[PDB]
């Protein structure tokens, strides 16, 4: 249990950058949770520009103000670390969400989704759409992208191991470099080199948007399936057209919600922040602290034509 007795305590949310549409949904969920808990002061401070050490001055400012709970989305895992370590020695409970810092600068980390689960969700959507077997191509971000290369590796391992995904044949691995013009050109060349393609997996919001724009304007509309990780606002039109049937991502509001309850649990004394401990995250139920003091919000949220108009990010 993650009890609430922080009626006199203060909570502050520091995003990567201020006034970011997707980041503001995460902050909104955090503020709503903090209100439910009953925090005395609920504040949102941060930089106007997302730079490695842009949050350092804001972390130090909150320590001077005597903030009890600090929820931060680290721009760089090492640059914000000395400021966050100074917060912990001052008595501030440091909770990281979305993007983590180093292991020794925070009391707890709240991750949206688990890496292997992202890969499983994508393979499940591919397998379901292609019909169990077919030629599939991957349109990733940059070649050196840490998150994408991790999801692709789990995907490749599951195809070789699990009998459920043995039918999925990866025939290409192209890189859009998180650029709309490059991702569009890569998708155009993908159908030129592989015209017998059944589907395209794009584990990038920029890549999936540019591939959807190409498929909807080409003869491959509805014929070549497109799935991966995307944004409801950008994908809305393509989901209704029939270019995209189902893609996945996550609800950022749930991440801020769990983080505010996690911080309240550490500050009240319900949890020490150890591996195996459990805390209540309001309406979302209980959560367990896993390895490297990490808490997972849940499985990736699947978006289709039945729930696309219910999310705005």
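Positions refer to the first chain, counted from 1.
- Note on 159-167 vs 224-232: mean CA B-factor is higher in 159-167.
- Between 137-145 and 211-219, the higher mean Cα B-factor belongs to 211-219.
- Highest C-alpha temperature factor among 75, 181, 112, 121, as the PDB entry reports it: 181.
- Residue 279: CA B factor in the middle third of modelled residues in this chain (values from the PDB entry).
- When the CA B factors of the chain's modelled residues are split into thirds, the value for residue 260 lands in the lowest one.
- Residue-level temperature factors show residue 23 in the middle third of its chain, judged at the C-alpha atom.
- In the PDB entry, a CA B factor belonging to the lowest third of its chain's modelled residues is recorded for residue 204.
- Sort the modelled residues of the chain by CA B factor and residue 89 lands in the highest third.
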